[PDB]
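Dumped final06.txt below, it's compact mmCIF, C-alpha atoms and all ligand atoms:
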# COMPACT_ATOMS: atom_id res chain seq x y z
CA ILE A 1 23.09 0.70 -7.83
CA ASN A 2 23.95 -2.22 -10.12
CA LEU A 3 20.84 -4.38 -9.92
CA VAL A 4 21.99 -7.31 -12.05
CA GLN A 5 25.08 -7.74 -9.85
CA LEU A 6 23.00 -7.43 -6.66
CA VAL A 7 20.54 -10.05 -7.88
CA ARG A 8 23.15 -12.53 -9.13
CA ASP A 9 25.05 -12.13 -5.85
CA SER A 10 21.83 -12.74 -3.84
CA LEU A 11 21.05 -15.93 -5.74
CA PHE A 12 24.40 -17.78 -5.45
CA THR A 13 24.57 -16.80 -1.78
CA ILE A 14 21.46 -18.91 -1.04
CA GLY A 15 22.43 -21.69 -3.46
CA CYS A 16 19.73 -21.00 -6.03
CA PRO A 17 20.32 -22.30 -9.55
CA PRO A 18 21.77 -19.72 -12.01
CA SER A 19 19.43 -20.77 -14.87
CA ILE A 20 16.35 -19.13 -13.29
CA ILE A 21 17.56 -15.55 -14.06
CA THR A 22 16.62 -13.76 -17.31
CA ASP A 23 17.65 -10.25 -18.43
CA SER A 24 20.10 -3.42 -20.51
CA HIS A 25 17.11 -1.74 -18.82
CA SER A 26 13.90 -2.78 -17.07
CA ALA A 27 13.32 -5.47 -15.98
CA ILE A 28 15.04 -8.58 -14.45
CA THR A 29 12.99 -11.80 -14.07
CA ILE A 30 13.35 -14.93 -11.91
CA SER A 31 11.41 -18.03 -13.05
CA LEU A 32 9.74 -20.34 -10.52
CA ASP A 33 8.14 -23.73 -11.10
CA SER A 34 4.32 -23.51 -11.15
CA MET A 35 4.37 -19.88 -9.99
CA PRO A 36 4.46 -16.40 -11.50
CA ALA A 37 7.94 -14.99 -11.99
CA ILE A 38 9.48 -12.42 -9.67
CA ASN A 39 10.18 -9.20 -11.54
CA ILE A 40 12.90 -6.85 -10.30
CA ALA A 41 13.81 -3.41 -11.68
CA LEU A 42 14.99 0.08 -10.80
CA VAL A 43 11.81 2.14 -10.98
CA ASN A 44 12.58 5.83 -10.60
CA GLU A 45 15.65 5.35 -8.38
CA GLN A 46 14.12 2.61 -6.16
CA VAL A 47 14.36 -1.18 -6.46
CA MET A 48 10.89 -2.64 -7.08
CA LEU A 49 9.73 -6.27 -6.82
CA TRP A 50 6.47 -7.44 -8.37
CA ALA A 51 4.54 -10.58 -9.36
CA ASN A 52 1.56 -10.81 -11.73
CA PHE A 53 -1.15 -13.30 -10.73
CA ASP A 54 -3.98 -14.21 -13.11
CA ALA A 55 -7.01 -12.30 -11.84
CA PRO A 56 -9.19 -14.68 -9.85
CA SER A 57 -12.87 -14.89 -10.64
CA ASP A 58 -15.01 -12.66 -8.48
CA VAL A 59 -16.40 -15.74 -6.66
CA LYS A 60 -12.93 -17.16 -5.88
CA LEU A 61 -11.91 -13.71 -4.55
CA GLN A 62 -14.92 -13.67 -2.19
CA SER A 63 -14.18 -17.15 -0.80
CA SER A 64 -10.45 -16.30 -0.44
CA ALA A 65 -10.98 -12.74 0.89
CA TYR A 66 -10.27 -13.42 4.56
CA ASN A 67 -6.98 -15.22 3.76
CA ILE A 68 -5.94 -12.54 1.24
CA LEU A 69 -6.76 -9.72 3.64
CA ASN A 70 -4.62 -11.37 6.33
CA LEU A 71 -1.74 -11.62 3.87
CA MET A 72 -2.01 -7.95 2.89
CA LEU A 73 -2.11 -6.89 6.55
CA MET A 74 1.16 -8.73 7.32
CA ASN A 75 4.07 -6.37 7.93
CA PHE A 76 6.89 -6.40 5.36
CA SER A 77 9.70 -4.51 7.06
CA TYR A 78 11.89 -4.04 3.95
CA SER A 79 9.11 -2.05 2.20
CA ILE A 80 9.05 1.76 2.16
CA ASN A 81 5.47 1.65 3.58
CA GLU A 82 6.14 -1.57 5.54
CA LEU A 83 3.53 -3.40 3.47
CA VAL A 84 3.18 -5.47 0.37
CA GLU A 85 0.78 -3.72 -2.00
CA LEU A 86 -1.93 -5.45 -3.99
CA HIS A 87 -2.86 -3.85 -7.32
CA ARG A 88 -5.68 -4.86 -9.57
CA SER A 89 -5.80 -4.47 -13.32
CA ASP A 90 -8.30 -6.05 -15.71
CA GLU A 91 -6.00 -9.05 -16.21
CA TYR A 92 -3.90 -9.28 -12.98
CA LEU A 93 -3.75 -9.15 -9.21
CA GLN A 94 -0.27 -7.70 -8.78
CA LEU A 95 1.80 -8.03 -5.62
CA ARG A 96 4.16 -5.07 -5.47
CA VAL A 97 6.78 -3.73 -3.10
CA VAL A 98 9.31 -0.87 -3.20
CA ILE A 99 12.43 -1.73 -1.21
CA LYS A 100 14.15 0.73 1.16
CA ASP A 101 17.57 2.03 0.07
CA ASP A 102 19.13 0.48 3.20
CA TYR A 103 18.57 -3.06 1.84
CA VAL A 104 19.70 -2.85 -1.80
CA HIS A 105 23.46 -2.66 -1.23
CA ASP A 106 24.13 -6.12 0.15
CA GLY A 107 23.45 -9.31 -1.84
CA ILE A 108 23.21 -11.38 1.35
CA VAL A 109 20.58 -9.07 2.87
CA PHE A 110 18.78 -8.77 -0.47
CA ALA A 111 18.40 -12.58 -0.73
CA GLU A 112 16.32 -12.49 2.46
CA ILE A 113 14.15 -9.80 0.86
CA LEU A 114 13.55 -11.93 -2.24
CA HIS A 115 12.82 -14.99 -0.11
CA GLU A 116 10.28 -13.20 2.08
CA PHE A 117 8.63 -11.71 -1.02
CA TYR A 118 8.45 -15.25 -2.53
CA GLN A 119 6.84 -16.49 0.70
CA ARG A 120 4.14 -13.82 0.26
CA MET A 121 3.72 -15.01 -3.34
CA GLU A 122 3.39 -18.61 -2.09
CA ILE A 123 0.58 -17.70 0.36
CA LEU A 124 -1.33 -15.74 -2.30
CA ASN A 125 -0.92 -18.52 -4.89
CA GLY A 126 -2.28 -20.99 -2.31
CA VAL A 127 -5.68 -19.28 -2.13
CA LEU A 128 -6.08 -18.45 -5.85
CA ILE B 1 3.59 23.77 2.20
CA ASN B 2 1.39 25.70 4.63
CA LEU B 3 -0.79 22.75 5.58
CA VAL B 4 -2.96 24.66 8.07
CA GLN B 5 -3.78 27.26 5.41
CA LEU B 6 -4.50 24.51 2.81
CA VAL B 7 -6.88 22.66 5.13
CA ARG B 8 -8.83 25.64 6.48
CA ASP B 9 -9.18 26.91 2.93
CA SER B 10 -10.32 23.49 1.68
CA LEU B 11 -13.07 23.37 4.30
CA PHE B 12 -14.39 26.92 3.61
CA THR B 13 -14.60 26.12 -0.08
CA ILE B 14 -17.10 23.28 0.55
CA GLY B 15 -19.03 25.08 3.31
CA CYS B 16 -18.02 22.83 6.21
CA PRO B 17 -18.33 24.35 9.66
CA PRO B 18 -15.10 25.67 11.28
CA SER B 19 -15.92 23.91 14.59
CA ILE B 20 -14.51 20.55 13.39
CA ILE B 21 -10.75 21.29 13.07
CA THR B 22 -8.03 21.24 15.78
CA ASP B 23 -4.19 21.38 15.91
CA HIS B 24 3.32 22.38 13.74
CA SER B 25 1.00 19.50 14.03
CA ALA B 26 -0.84 16.95 13.36
CA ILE B 27 -4.28 18.45 12.47
CA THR B 28 -7.59 16.67 13.21
CA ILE B 29 -10.98 16.89 11.48
CA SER B 30 -13.76 15.61 13.75
CA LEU B 31 -16.85 14.01 12.24
CA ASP B 32 -19.77 12.40 14.04
CA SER B 33 -20.03 8.65 14.67
CA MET B 34 -16.66 8.18 12.94
CA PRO B 35 -12.87 8.33 13.34
CA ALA B 36 -11.37 11.78 12.88
CA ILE B 37 -9.28 12.53 9.78
CA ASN B 38 -5.69 13.20 10.74
CA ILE B 39 -3.57 15.28 8.37
CA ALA B 40 0.16 16.11 8.64
CA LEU B 41 3.42 16.89 6.86
CA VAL B 42 5.45 13.68 7.16
CA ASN B 43 8.84 14.01 5.45
CA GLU B 44 7.75 16.70 3.02
CA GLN B 45 4.58 14.85 1.97
CA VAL B 46 1.00 15.38 3.12
CA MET B 47 -0.37 12.28 4.79
CA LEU B 48 -3.98 11.49 5.70
CA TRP B 49 -5.00 8.73 8.10
CA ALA B 50 -7.92 7.41 10.12
CA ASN B 51 -7.75 5.00 13.06
CA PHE B 52 -10.50 2.40 13.36
CA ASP B 53 -10.80 0.08 16.37
CA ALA B 54 -9.30 -3.26 15.38
CA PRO B 55 -12.23 -5.50 14.50
CA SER B 56 -12.58 -8.85 16.22
CA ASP B 57 -11.26 -11.68 14.07
CA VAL B 58 -14.72 -13.14 13.38
CA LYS B 59 -15.99 -9.73 12.22
CA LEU B 60 -12.96 -9.43 9.90
CA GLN B 61 -13.88 -12.80 8.36
CA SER B 62 -17.48 -11.77 7.68
CA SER B 63 -16.42 -8.32 6.33
CA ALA B 64 -13.25 -9.46 4.51
CA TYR B 65 -14.70 -9.43 0.98
CA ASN B 66 -16.08 -5.88 1.43
CA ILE B 67 -12.82 -4.69 3.03
CA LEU B 68 -10.71 -6.32 0.29
CA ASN B 69 -12.83 -4.64 -2.42
CA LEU B 70 -12.40 -1.28 -0.68
CA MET B 71 -8.59 -1.64 -0.62
CA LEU B 72 -8.38 -2.69 -4.26
CA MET B 73 -10.23 0.54 -5.19
CA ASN B 74 -8.14 3.00 -7.17
CA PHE B 75 -7.28 6.23 -5.27
CA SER B 76 -5.79 8.49 -7.95
CA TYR B 77 -4.53 11.20 -5.56
CA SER B 78 -2.20 8.70 -3.78
CA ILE B 79 1.50 8.31 -4.75
CA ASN B 80 0.94 4.53 -5.20
CA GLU B 81 -2.72 5.10 -6.16
CA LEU B 82 -4.05 3.05 -3.24
CA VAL B 83 -5.36 3.67 0.20
CA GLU B 84 -3.18 1.56 2.47
CA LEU B 85 -4.56 -0.43 5.37
CA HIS B 86 -2.25 -0.82 8.39
CA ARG B 87 -2.76 -3.09 11.39
CA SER B 88 -1.58 -2.22 14.87
CA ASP B 89 -2.60 -3.90 18.15
CA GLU B 90 -5.35 -1.35 18.80
CA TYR B 91 -6.13 -0.08 15.28
CA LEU B 92 -6.97 -0.85 11.73
CA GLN B 93 -5.64 2.31 10.07
CA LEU B 94 -6.50 3.78 6.64
CA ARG B 95 -3.54 5.75 5.31
CA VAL B 96 -2.65 7.67 2.20
CA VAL B 97 0.32 9.83 1.16
CA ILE B 98 -0.94 12.61 -1.08
CA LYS B 99 0.89 13.41 -4.26
CA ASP B 100 2.36 16.87 -4.93
CA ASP B 101 0.02 17.91 -7.78
CA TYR B 102 -2.93 17.94 -5.33
CA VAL B 103 -1.56 19.93 -2.35
CA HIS B 104 -1.07 23.50 -3.66
CA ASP B 105 -4.76 24.23 -4.05
CA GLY B 106 -7.55 24.33 -1.45
CA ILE B 107 -10.25 23.63 -4.03
CA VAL B 108 -8.47 20.54 -5.35
CA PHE B 109 -7.49 19.40 -1.82
CA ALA B 110 -11.15 19.51 -0.66
CA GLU B 111 -11.90 16.76 -3.21
CA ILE B 112 -9.03 14.64 -1.79
CA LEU B 113 -10.50 14.94 1.72
CA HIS B 114 -13.97 14.10 0.41
CA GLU B 115 -12.82 10.96 -1.45
CA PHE B 116 -10.78 9.90 1.60
CA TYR B 117 -13.84 10.40 3.86
CA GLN B 118 -15.93 8.31 1.46
CA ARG B 119 -13.42 5.45 1.84
CA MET B 120 -13.70 5.81 5.63
CA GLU B 121 -17.52 5.63 5.32
CA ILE B 122 -17.37 2.36 3.39
CA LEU B 123 -14.98 0.82 5.97
CA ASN B 124 -17.09 2.13 8.88
CA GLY B 125 -20.14 0.45 7.35
CA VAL B 126 -18.68 -3.06 7.50
CA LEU B 127 -16.97 -2.73 10.91
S1 LIG C 1 16.32 -21.08 -5.38
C1 LIG C 1 14.79 -20.40 -5.92
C2 LIG C 1 14.34 -19.27 -5.02
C3 LIG C 1 14.56 -17.99 -5.30
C4 LIG C 1 14.00 -17.07 -4.25
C5 LIG C 1 13.04 -16.06 -4.88
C6 LIG C 1 15.16 -16.38 -3.54
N1 LIG C 1 13.30 -18.04 -3.40
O1 LIG C 1 12.52 -17.71 -2.47
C7 LIG C 1 13.58 -19.45 -3.73
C8 LIG C 1 14.45 -20.08 -2.64
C9 LIG C 1 12.31 -20.26 -3.96
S1 LIG C 2 -18.54 19.44 5.95
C1 LIG C 2 -17.95 17.92 6.65
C2 LIG C 2 -17.02 17.19 5.70
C3 LIG C 2 -15.69 17.28 5.78
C4 LIG C 2 -15.00 16.45 4.73
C5 LIG C 2 -14.08 15.41 5.35
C6 LIG C 2 -14.28 17.34 3.72
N1 LIG C 2 -16.16 15.81 4.09
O1 LIG C 2 -16.06 14.95 3.19
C7 LIG C 2 -17.47 16.28 4.59
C8 LIG C 2 -18.22 17.03 3.50
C9 LIG C 2 -18.30 15.12 5.14

Using the file provided, produce a representation of the structure as structure tokens.
Ligand SMILES: *SCC1=CC(C)(C)N(O)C1(C)C
Ligand SMILES: *SCC1=CC(C)(C)N(O)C1(C)C
Amino acid sequence: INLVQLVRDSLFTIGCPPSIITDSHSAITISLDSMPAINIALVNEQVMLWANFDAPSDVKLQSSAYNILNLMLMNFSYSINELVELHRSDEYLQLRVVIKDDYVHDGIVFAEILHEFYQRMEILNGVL
Amino acid sequence: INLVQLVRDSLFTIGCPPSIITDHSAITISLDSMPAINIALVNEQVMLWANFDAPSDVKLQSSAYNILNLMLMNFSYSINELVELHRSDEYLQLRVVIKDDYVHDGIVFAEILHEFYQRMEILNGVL
């Protein structure tokens, strides 16, 4: 698939500004005010969305655990495993999802995917 | 992949008793005071999963930190390197899709089962 075209098409369809998009190969980024950017890229034949959050302190993670666990248990139907995945590295808590092939061919459908992913980002940002 | 042969052979190799396995499938490994380990070929990939009774909401709140730490734990044998936690009405389900490198060998696969069981033990301890 042509991911730049899919993404640009998704973003005018929902009336997003064009200035938020930055880009030959991986990856595409969408800037958001006071939020981590959404990264999009073809990763081994599948469209992948991810967001890097500054790793919370261990104490903040404990106090926010219940809320974060509820977020991670929420179904994400566009995902190959029907979940959003949370990955931890030394520096980041990374939200990650691999999108099903059925949803990467239509810019209108893909906009709803990006918007639901953003909503998940919003909830996580709220408790960090 | 002959999954029945892989599993039986994994369990001999670590001296488990043969009484604990039952069954094309899925195959169950019964363990005491705990959910069984279910194993099956699901679209060409070996999948392991364990069904835990959905905790009450208050219990989830008091165990959330321990359950979050468990899920953030690296699981190197997984395709996405995590153990996934799935919620259904009746169950909190631990799930992993095992990666090809680890499913041709009964000796290697026994270690995958053992690490998976360890993750089940940690979750059982806070539910
Ligand atoms: S218009 C900015 C925007 C982009 C996208 C990721 C699709 N969103 O959820 C909003 C609407 C915030
Ligand atoms: S011997 C019982 C057993 C089976 C398996 C799931 C492989 N295990 O981790 C133990 C050793 C508990």

Close residues to ligand LIG 1 (chain C) using all atoms listed in the file, limit 9 Å, as a PDB file with C-alpha atoms, keeping the file's coordinate frame:
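part.pdb was written with the following content:
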ATOM      1  CA  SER A  10      21.830 -12.740  -3.840  1.00  0.00           C
ATOM      2  CA  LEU A  11      21.050 -15.930  -5.740  1.00  0.00           C
ATOM      3  CA  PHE A  12      24.400 -17.780  -5.450  1.00  0.00           C
ATOM      4  CA  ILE A  14      21.460 -18.910  -1.040  1.00  0.00           C
ATOM      5  CA  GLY A  15      22.430 -21.690  -3.460  1.00  0.00           C
ATOM      6  CA  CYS A  16      19.730 -21.000  -6.030  1.00  0.00           C
ATOM      7  CA  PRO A  17      20.320 -22.300  -9.550  1.00  0.00           C
ATOM      8  CA  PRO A  18      21.770 -19.720 -12.010  1.00  0.00           C
ATOM      9  CA  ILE A  20      16.350 -19.130 -13.290  1.00  0.00           C
ATOM     10  CA  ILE A  30      13.350 -14.930 -11.910  1.00  0.00           C
ATOM     11  CA  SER A  31      11.410 -18.030 -13.050  1.00  0.00           C
ATOM     12  CA  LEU A  32       9.740 -20.340 -10.520  1.00  0.00           C
ATOM     13  CA  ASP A  33       8.140 -23.730 -11.100  1.00  0.00           C
ATOM     14  CA  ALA A  37       7.940 -14.990 -11.990  1.00  0.00           C
ATOM     15  CA  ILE A  38       9.480 -12.420  -9.670  1.00  0.00           C
ATOM     16  CA  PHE A 110      18.780  -8.770  -0.470  1.00  0.00           C
ATOM     17  CA  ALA A 111      18.400 -12.580  -0.730  1.00  0.00           C
ATOM     18  CA  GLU A 112      16.320 -12.490   2.460  1.00  0.00           C
ATOM     19  CA  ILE A 113      14.150  -9.800   0.860  1.00  0.00           C
ATOM     20  CA  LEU A 114      13.550 -11.930  -2.240  1.00  0.00           C
ATOM     21  CA  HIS A 115      12.820 -14.990  -0.110  1.00  0.00           C
ATOM     22  CA  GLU A 116      10.280 -13.200   2.080  1.00  0.00           C
ATOM     23  CA  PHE A 117       8.630 -11.710  -1.020  1.00  0.00           C
ATOM     24  CA  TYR A 118       8.450 -15.250  -2.530  1.00  0.00           C
ATOM     25  CA  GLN A 119       6.840 -16.490   0.700  1.00  0.00           C
TER      26      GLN A 119
END

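The environment of region 48-51 of chain A within 8 Å, counting all atoms listed in the file and disregarding residues fewer than 2 places along the same chain, consists of residues 36, 37, 38, 39, 40, 41, 42, 43, 46, 53, 94, 95, 96, 97, 98, 99 and 121 of chain A.
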
Put those residues in a file: C-alpha atoms, as a PDB file, in the coordinates of the input.
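This went into result-v7.pdb:
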ATOM      1  CA  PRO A  36       4.460 -16.400 -11.500  1.00  0.00           C
ATOM      2  CA  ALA A  37       7.940 -14.990 -11.990  1.00  0.00           C
ATOM      3  CA  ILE A  38       9.480 -12.420  -9.670  1.00  0.00           C
ATOM      4  CA  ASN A  39      10.180  -9.200 -11.540  1.00  0.00           C
ATOM      5  CA  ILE A  40      12.900  -6.850 -10.300  1.00  0.00           C
ATOM      6  CA  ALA A  41      13.810  -3.410 -11.680  1.00  0.00           C
ATOM      7  CA  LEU A  42      14.990   0.080 -10.800  1.00  0.00           C
ATOM      8  CA  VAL A  43      11.810   2.140 -10.980  1.00  0.00           C
ATOM      9  CA  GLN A  46      14.120   2.610  -6.160  1.00  0.00           C
ATOM     10  CA  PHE A  53      -1.150 -13.300 -10.730  1.00  0.00           C
ATOM     11  CA  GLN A  94      -0.270  -7.700  -8.780  1.00  0.00           C
ATOM     12  CA  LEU A  95       1.800  -8.030  -5.620  1.00  0.00           C
ATOM     13  CA  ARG A  96       4.160  -5.070  -5.470  1.00  0.00           C
ATOM     14  CA  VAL A  97       6.780  -3.730  -3.100  1.00  0.00           C
ATOM     15  CA  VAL A  98       9.310  -0.870  -3.200  1.00  0.00           C
ATOM     16  CA  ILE A  99      12.430  -1.730  -1.210  1.00  0.00           C
ATOM     17  CA  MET A 121       3.720 -15.010  -3.340  1.00  0.00           C
TER      18      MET A 121
END

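Residues in contact with ligand LIG 2 (chain C) comprise residues 16, 110, 113, 114 and 117 of chain B, where contact means an atom-to-atom distance of at most 6 Å counting only C-alpha atoms and all ligand atoms.
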
Item to check | Residues of chain A within 6 Å of chain B, only C-alpha atoms counted, as a PyMOL selection string | outcome: chain A and resi 62+65-66

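Put simply, CA of residue 9 (chain B) is 21.7 Å away from CA of residue 76 (chain B).
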
Checklist outcome for this item: For residue 52 (chain A), the closest of A:71, A:93, A:127, A:7 counting all atoms listed in the file is A:93

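Here CA of residue 123 (chain B) and CA of residue 38 (chain B) stand 16.2 Å from one another.
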
Next on the checklist: One decimal, in Å: what's the spacing between CA of residue 41 (chain B) and CA of residue 55 (chain B)?
Outcome noted: 28.4 Å

Calculate, to one decimal in Å, the centre and edge lengths of the box along x, y and z of the file that holds all listed atoms of region 21-32 of chain B with 6 Å of margin on each side, and present them as JSON.
{"center_x": -8.2, "center_y": 17.4, "center_z": 13.7, "size_x": 35.1, "size_y": 22.0, "size_z": 16.4}

Item to check | Polymer residues at most 9 Å from (-1.0, 17.3, 8.5) by all atoms listed in the file, as a PyMOL selection string | outcome: chain B and resi 3-4+7+24-28+38-42+45-48

Can I get the selected residues back with C-alpha atoms, as a tab-separated table (two decimals), in the frame of the given file?
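Contents of part-v9.tsv, as written:
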chain	number	residue	atom	x	y	z
B	3	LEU	CA	-0.79	22.75	5.58
B	4	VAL	CA	-2.96	24.66	8.07
B	7	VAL	CA	-6.88	22.66	5.13
B	24	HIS	CA	3.32	22.38	13.74
B	25	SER	CA	1.00	19.50	14.03
B	26	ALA	CA	-0.84	16.95	13.36
B	27	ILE	CA	-4.28	18.45	12.47
B	28	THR	CA	-7.59	16.67	13.21
B	38	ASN	CA	-5.69	13.20	10.74
B	39	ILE	CA	-3.57	15.28	8.37
B	40	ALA	CA	0.16	16.11	8.64
B	41	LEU	CA	3.42	16.89	6.86
B	42	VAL	CA	5.45	13.68	7.16
B	45	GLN	CA	4.58	14.85	1.97
B	46	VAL	CA	1.00	15.38	3.12
B	47	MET	CA	-0.37	12.28	4.79
B	48	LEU	CA	-3.98	11.49	5.70

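Closest approach to residue 121 (chain B) from the set B:6, B:37, B:20, B:79 is made by B:37, with distances taken over all atoms listed in the file.
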
Is there a way to complete region 11-40 of chain B with N, CA and C atoms and then write that out as a PDB file, keeping the file's coordinate frame?
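For reference, result_36.pdb as written:
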ATOM      1  N   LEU B  11     -11.814  23.563   3.585  1.00  0.00           N
ATOM      2  CA  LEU B  11     -13.070  23.370   4.300  1.00  0.00           C
ATOM      3  C   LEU B  11     -14.041  24.560   4.190  1.00  0.00           C
ATOM      4  N   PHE B  12     -13.533  25.777   3.991  1.00  0.00           N
ATOM      5  CA  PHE B  12     -14.390  26.920   3.610  1.00  0.00           C
ATOM      6  C   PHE B  12     -15.032  26.672   2.266  1.00  0.00           C
ATOM      7  N   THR B  13     -14.194  26.274   1.314  1.00  0.00           N
ATOM      8  CA  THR B  13     -14.600  26.120  -0.080  1.00  0.00           C
ATOM      9  C   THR B  13     -15.801  25.184  -0.258  1.00  0.00           C
ATOM     10  N   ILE B  14     -15.948  24.187   0.617  1.00  0.00           N
ATOM     11  CA  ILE B  14     -17.100  23.280   0.550  1.00  0.00           C
ATOM     12  C   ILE B  14     -18.136  23.529   1.655  1.00  0.00           C
ATOM     13  N   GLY B  15     -18.009  24.651   2.360  1.00  0.00           N
ATOM     14  CA  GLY B  15     -19.030  25.080   3.310  1.00  0.00           C
ATOM     15  C   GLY B  15     -19.161  24.213   4.547  1.00  0.00           C
ATOM     16  N   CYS B  16     -18.057  23.591   4.959  1.00  0.00           N
ATOM     17  CA  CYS B  16     -18.020  22.830   6.210  1.00  0.00           C
ATOM     18  C   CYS B  16     -17.964  23.828   7.348  1.00  0.00           C
ATOM     19  N   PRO B  17     -18.431  23.426   8.544  1.00  0.00           N
ATOM     20  CA  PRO B  17     -18.330  24.350   9.660  1.00  0.00           C
ATOM     21  C   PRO B  17     -16.895  24.400  10.202  1.00  0.00           C
ATOM     22  N   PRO B  18     -16.475  25.550  10.768  1.00  0.00           N
ATOM     23  CA  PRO B  18     -15.100  25.670  11.280  1.00  0.00           C
ATOM     24  C   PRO B  18     -14.878  24.977  12.634  1.00  0.00           C
ATOM     25  N   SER B  19     -15.965  24.560  13.279  1.00  0.00           N
ATOM     26  CA  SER B  19     -15.920  23.910  14.590  1.00  0.00           C
ATOM     27  C   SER B  19     -15.190  22.557  14.623  1.00  0.00           C
ATOM     28  N   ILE B  20     -15.002  21.935  13.460  1.00  0.00           N
ATOM     29  CA  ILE B  20     -14.510  20.550  13.390  1.00  0.00           C
ATOM     30  C   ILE B  20     -12.987  20.355  13.343  1.00  0.00           C
ATOM     31  N   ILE B  21     -12.209  21.429  13.217  1.00  0.00           N
ATOM     32  CA  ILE B  21     -10.750  21.290  13.070  1.00  0.00           C
ATOM     33  C   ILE B  21      -9.970  21.707  14.325  1.00  0.00           C
ATOM     34  N   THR B  22      -8.910  20.956  14.634  1.00  0.00           N
ATOM     35  CA  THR B  22      -8.030  21.240  15.780  1.00  0.00           C
ATOM     36  C   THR B  22      -6.562  21.009  15.393  1.00  0.00           C
ATOM     37  N   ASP B  23      -5.631  21.579  16.164  1.00  0.00           N
ATOM     38  CA  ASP B  23      -4.190  21.380  15.910  1.00  0.00           C
ATOM     39  C   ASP B  23      -3.336  21.426  17.182  1.00  0.00           C
ATOM     40  N   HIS B  24       3.487  23.455  14.729  1.00  0.00           N
ATOM     41  CA  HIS B  24       3.320  22.380  13.740  1.00  0.00           C
ATOM     42  C   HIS B  24       2.858  21.067  14.400  1.00  0.00           C
ATOM     43  N   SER B  25       2.207  20.230  13.598  1.00  0.00           N
ATOM     44  CA  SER B  25       1.000  19.500  14.030  1.00  0.00           C
ATOM     45  C   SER B  25       1.230  18.017  14.422  1.00  0.00           C
ATOM     46  N   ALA B  26       0.246  17.089  14.367  1.00  0.00           N
ATOM     47  CA  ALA B  26      -0.840  16.950  13.360  1.00  0.00           C
ATOM     48  C   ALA B  26      -2.204  17.656  13.582  1.00  0.00           C
ATOM     49  N   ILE B  27      -2.950  17.818  12.478  1.00  0.00           N
ATOM     50  CA  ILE B  27      -4.280  18.450  12.470  1.00  0.00           C
ATOM     51  C   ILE B  27      -5.402  17.406  12.367  1.00  0.00           C
ATOM     52  N   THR B  28      -6.468  17.609  13.139  1.00  0.00           N
ATOM     53  CA  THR B  28      -7.590  16.670  13.210  1.00  0.00           C
ATOM     54  C   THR B  28      -8.890  17.275  12.688  1.00  0.00           C
ATOM     55  N   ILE B  29      -9.626  16.516  11.883  1.00  0.00           N
ATOM     56  CA  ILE B  29     -10.980  16.890  11.480  1.00  0.00           C
ATOM     57  C   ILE B  29     -11.988  15.915  12.093  1.00  0.00           C
ATOM     58  N   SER B  30     -12.783  16.419  13.034  1.00  0.00           N
ATOM     59  CA  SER B  30     -13.760  15.610  13.750  1.00  0.00           C
ATOM     60  C   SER B  30     -15.061  15.494  12.978  1.00  0.00           C
ATOM     61  N   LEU B  31     -15.580  14.278  12.903  1.00  0.00           N
ATOM     62  CA  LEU B  31     -16.850  14.010  12.240  1.00  0.00           C
ATOM     63  C   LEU B  31     -17.624  13.083  13.158  1.00  0.00           C
ATOM     64  N   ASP B  32     -18.947  13.107  13.066  1.00  0.00           N
ATOM     65  CA  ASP B  32     -19.770  12.400  14.040  1.00  0.00           C
ATOM     66  C   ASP B  32     -19.946  10.924  13.717  1.00  0.00           C
ATOM     67  N   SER B  33     -19.903  10.106  14.768  1.00  0.00           N
ATOM     68  CA  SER B  33     -20.030   8.650  14.670  1.00  0.00           C
ATOM     69  C   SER B  33     -18.922   8.012  13.816  1.00  0.00           C
ATOM     70  N   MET B  34     -17.764   8.665  13.754  1.00  0.00           N
ATOM     71  CA  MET B  34     -16.660   8.180  12.940  1.00  0.00           C
ATOM     72  C   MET B  34     -15.296   8.640  13.439  1.00  0.00           C
ATOM     73  N   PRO B  35     -14.235   7.896  13.071  1.00  0.00           N
ATOM     74  CA  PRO B  35     -12.870   8.330  13.340  1.00  0.00           C
ATOM     75  C   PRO B  35     -12.581   9.683  12.724  1.00  0.00           C
ATOM     76  N   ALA B  36     -11.792  10.494  13.412  1.00  0.00           N
ATOM     77  CA  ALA B  36     -11.370  11.780  12.880  1.00  0.00           C
ATOM     78  C   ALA B  36     -10.408  11.556  11.702  1.00  0.00           C
ATOM     79  N   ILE B  37     -10.293  12.554  10.832  1.00  0.00           N
ATOM     80  CA  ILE B  37      -9.280  12.530   9.780  1.00  0.00           C
ATOM     81  C   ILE B  37      -8.061  13.282  10.271  1.00  0.00           C
ATOM     82  N   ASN B  38      -6.933  12.585  10.318  1.00  0.00           N
ATOM     83  CA  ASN B  38      -5.690  13.200  10.740  1.00  0.00           C
ATOM     84  C   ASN B  38      -4.916  13.558   9.478  1.00  0.00           C
ATOM     85  N   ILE B  39      -4.286  14.727   9.506  1.00  0.00           N
ATOM     86  CA  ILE B  39      -3.570  15.280   8.370  1.00  0.00           C
ATOM     87  C   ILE B  39      -2.253  15.830   8.910  1.00  0.00           C
ATOM     88  N   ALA B  40      -1.135  15.536   8.245  1.00  0.00           N
ATOM     89  CA  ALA B  40       0.160  16.110   8.640  1.00  0.00           C
ATOM     90  C   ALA B  40       1.221  16.068   7.549  1.00  0.00           C
TER      91      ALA B  40
END
